Every structure is written in C-alpha cells, then in structure tokens.
Amino acid sequence: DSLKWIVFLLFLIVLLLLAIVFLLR
Amino acid sequence: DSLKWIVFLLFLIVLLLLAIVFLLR
Amino acid sequence: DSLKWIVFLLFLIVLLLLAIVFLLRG
Amino acid sequence: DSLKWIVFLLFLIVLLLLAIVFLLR
Amino acid sequence: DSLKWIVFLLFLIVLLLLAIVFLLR
C-alpha cells in the first residue's frame, strides 16, 4: 500500500530528528 | 487507524523541531 | 477527521522550520 | 480538499529544508 | 494522484534530513 510507506517514512523522519538532536546536544 | 498514526508521528516531529529550535536559540 | 489535525501539525512544522531558517540566518 | 494542502505544506517543508541545507553548506 | 506526490515529498524530506545528519557529523 501507500499509507504504510507514509507511516514508515514519518518514522524515519522521527529517527533522523532524534539523531539531529543527539548531534546538536 | 492510519490517520491516527500519522497525527502522532507529526506530533513527535513537532516536539523534536521545538527541541531543535531551543537548542539553536 | 484527522486530516485537520494533520494540516495543523504540518503548519506548525512549517512555522518551526521557518524559525530554524531565521535562527541559522542570524 | 485537504490532500492538496497537505501536498503544498510538504512542498514548502522541502523548500525550507533545502534552505537549511544551503545555509549550512 | 496526490498520495504519490506525498510519498515523493516525504522521501525527499528523508533524503534531506539524511544530508543534514551527514553534514552535522
């Protein structure tokens, strides 16, 4: 489907923002 | 529910972006 | 419907990204 | 429709991320 | 079709965030 990929990409975005916060701190 | 999943991930994204804003400022 | 909440959160995200742009500018 | 606004906001998010990348480069 | 555009923009956002992480590291 496509909503599954949308959710997975949003999860990847959450992970990448977590990593960005880690690197900023 | 898909839509519900998307709202929660976007809320996490908003929280992380607020954290990034306050880490920059 | 959750589409309204999705649009609200995306609008907040746009605002926060503009804030980040301005913070990186000066 | 709300899908058009979602696409528009995502496109603006892409533009803002491009601006962030350009500023960081 | 708007879902294809949404997935495309989300994938581009993921790529840009990966670039931001790779630039911060």
# chains A, B, ... in the order shown; residues from 1 in each chain; ligands from 1

$ interface_residues --of "chain B" --to "chain A" --cutoff "9 Å" --atoms "only C-alpha atoms" --output "list in words"
residues 2, 3, 5, 6, 9, 10, 12, 13, 16, 17, 19, 20, 23 and 24 of chain B

$ closest_atom_pairs --of "chain C" --to "chain D" --cutoff "9 Å" --atoms "only C-alpha atoms" --output "Markdown table"
| residue | atom | partner | partner_atom | distance |
| --- | --- | --- | --- | --- |
| C:3 | CA | D:2 | CA | 6.6 |
| C:4 | CA | D:2 | CA | 7.6 |
| C:6 | CA | D:6 | CA | 7.8 |
| C:7 | CA | D:6 | CA | 6.2 |
| C:10 | CA | D:9 | CA | 6.4 |
| C:11 | CA | D:9 | CA | 6.9 |
| C:13 | CA | D:13 | CA | 7.7 |
| C:14 | CA | D:13 | CA | 5.9 |
| C:17 | CA | D:16 | CA | 6.3 |
| C:18 | CA | D:16 | CA | 6.8 |
| C:20 | CA | D:20 | CA | 7.8 |
| C:21 | CA | D:20 | CA | 5.9 |
| C:24 | CA | D:23 | CA | 7.1 |
| C:25 | CA | D:23 | CA | 7.4 |

$ calpha_fit_and_write --fixed "chain E" --moving "chain B" --output "mmCIF file with N, CA, C and O atoms, in the first residue's frame"
data_model
loop_
_atom_site.group_PDB
_atom_site.id
_atom_site.type_symbol
_atom_site.label_atom_id
_atom_site.label_comp_id
_atom_site.auth_asym_id
_atom_site.auth_seq_id
_atom_site.Cartn_x
_atom_site.Cartn_y
_atom_site.Cartn_z
ATOM 1 N N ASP B 1 -2.268 11.489 -8.845
ATOM 2 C CA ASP B 1 -2.659 10.876 -7.550
ATOM 3 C C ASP B 1 -2.079 11.719 -6.417
ATOM 4 O O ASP B 1 -0.879 11.965 -6.438
ATOM 5 N N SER B 2 -2.900 12.138 -5.465
ATOM 6 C CA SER B 2 -2.339 12.933 -4.347
ATOM 7 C C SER B 2 -1.346 12.071 -3.559
ATOM 8 O O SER B 2 -0.143 12.378 -3.569
ATOM 9 N N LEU B 3 -1.830 10.981 -2.970
ATOM 10 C CA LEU B 3 -0.955 10.153 -2.096
ATOM 11 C C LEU B 3 0.435 9.958 -2.710
ATOM 12 O O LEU B 3 1.415 10.123 -1.982
ATOM 13 N N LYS B 4 0.521 9.649 -4.003
ATOM 14 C CA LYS B 4 1.833 9.462 -4.671
ATOM 15 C C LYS B 4 2.685 10.726 -4.521
ATOM 16 O O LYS B 4 3.880 10.590 -4.272
ATOM 17 N N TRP B 5 2.090 11.905 -4.693
ATOM 18 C CA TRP B 5 2.837 13.184 -4.564
ATOM 19 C C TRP B 5 3.437 13.281 -3.163
ATOM 20 O O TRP B 5 4.603 13.642 -3.031
ATOM 21 N N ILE B 6 2.634 12.961 -2.159
ATOM 22 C CA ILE B 6 3.071 13.035 -0.743
ATOM 23 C C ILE B 6 4.247 12.087 -0.522
ATOM 24 O O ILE B 6 5.189 12.480 0.141
ATOM 25 N N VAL B 7 4.202 10.897 -1.099
ATOM 26 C CA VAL B 7 5.301 9.925 -0.855
ATOM 27 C C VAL B 7 6.617 10.458 -1.422
ATOM 28 O O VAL B 7 7.643 10.308 -0.762
ATOM 29 N N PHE B 8 6.578 11.068 -2.598
ATOM 30 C CA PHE B 8 7.791 11.595 -3.217
ATOM 31 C C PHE B 8 8.360 12.764 -2.421
ATOM 32 O O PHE B 8 9.581 12.862 -2.231
ATOM 33 N N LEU B 9 7.492 13.663 -1.946
ATOM 34 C CA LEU B 9 7.973 14.787 -1.150
ATOM 35 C C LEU B 9 8.564 14.312 0.173
ATOM 36 O O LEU B 9 9.585 14.842 0.628
ATOM 37 N N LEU B 10 7.959 13.295 0.791
ATOM 38 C CA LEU B 10 8.523 12.739 2.015
ATOM 39 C C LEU B 10 9.853 12.049 1.754
ATOM 40 O O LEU B 10 10.746 12.090 2.605
ATOM 41 N N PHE B 11 10.011 11.416 0.590
ATOM 42 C CA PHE B 11 11.296 10.809 0.256
ATOM 43 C C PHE B 11 12.374 11.871 0.073
ATOM 44 O O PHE B 11 13.515 11.693 0.521
ATOM 45 N N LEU B 12 12.032 12.981 -0.586
ATOM 46 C CA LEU B 12 12.972 14.095 -0.675
ATOM 47 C C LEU B 12 13.321 14.629 0.709
ATOM 48 O O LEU B 12 14.481 14.962 0.984
ATOM 49 N N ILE B 13 12.325 14.719 1.594
ATOM 50 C CA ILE B 13 12.571 15.186 2.956
ATOM 51 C C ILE B 13 13.516 14.237 3.684
ATOM 52 O O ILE B 13 14.416 14.671 4.412
ATOM 53 N N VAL B 14 13.332 12.929 3.492
ATOM 54 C CA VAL B 14 14.215 11.944 4.112
ATOM 55 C C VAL B 14 15.638 12.100 3.592
ATOM 56 O O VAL B 14 16.606 12.045 4.363
ATOM 57 N N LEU B 15 15.790 12.294 2.279
ATOM 58 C CA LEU B 15 17.120 12.499 1.708
ATOM 59 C C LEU B 15 17.787 13.735 2.300
ATOM 60 O O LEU B 15 18.967 13.705 2.674
ATOM 61 N N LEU B 16 17.038 14.836 2.395
ATOM 62 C CA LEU B 16 17.609 16.070 2.924
ATOM 63 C C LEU B 16 17.954 15.932 4.404
ATOM 64 O O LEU B 16 18.963 16.478 4.864
ATOM 65 N N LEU B 17 17.144 15.187 5.159
ATOM 66 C CA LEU B 17 17.448 14.976 6.569
ATOM 67 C C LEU B 17 18.680 14.099 6.742
ATOM 68 O O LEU B 17 19.483 14.324 7.652
ATOM 69 N N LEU B 18 18.847 13.092 5.881
ATOM 70 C CA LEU B 18 20.082 12.313 5.890
ATOM 71 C C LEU B 18 21.286 13.196 5.595
ATOM 72 O O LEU B 18 22.335 13.076 6.245
ATOM 73 N N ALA B 19 21.155 14.082 4.604
ATOM 74 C CA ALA B 19 22.233 15.014 4.296
ATOM 75 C C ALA B 19 22.561 15.892 5.498
ATOM 76 O O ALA B 19 23.736 16.125 5.802
ATOM 77 N N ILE B 20 21.534 16.378 6.197
ATOM 78 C CA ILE B 20 21.759 17.214 7.376
ATOM 79 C C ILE B 20 22.446 16.415 8.478
ATOM 80 O O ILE B 20 23.351 16.916 9.159
ATOM 81 N N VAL B 21 22.028 15.161 8.670
ATOM 82 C CA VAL B 21 22.651 14.306 9.679
ATOM 83 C C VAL B 21 24.135 14.138 9.383
ATOM 84 O O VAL B 21 24.985 14.278 10.271
ATOM 85 N N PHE B 22 24.469 13.845 8.126
ATOM 86 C CA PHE B 22 25.869 13.604 7.790
ATOM 87 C C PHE B 22 26.683 14.894 7.767
ATOM 88 O O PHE B 22 27.901 14.855 7.969
ATOM 89 N N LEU B 23 26.038 16.039 7.533
ATOM 90 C CA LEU B 23 26.743 17.310 7.660
ATOM 91 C C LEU B 23 27.015 17.651 9.120
ATOM 92 O O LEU B 23 28.046 18.258 9.433
ATOM 93 N N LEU B 24 26.104 17.278 10.023
ATOM 94 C CA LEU B 24 26.352 17.480 11.446
ATOM 95 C C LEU B 24 27.403 16.511 11.974
ATOM 96 O O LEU B 24 28.171 16.863 12.877
ATOM 97 N N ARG B 25 27.411 15.277 11.477
ATOM 98 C CA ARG B 25 28.373 14.275 12.004
ATOM 99 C C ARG B 25 29.658 14.317 11.171
ATOM 100 O O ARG B 25 30.329 15.361 11.230
#
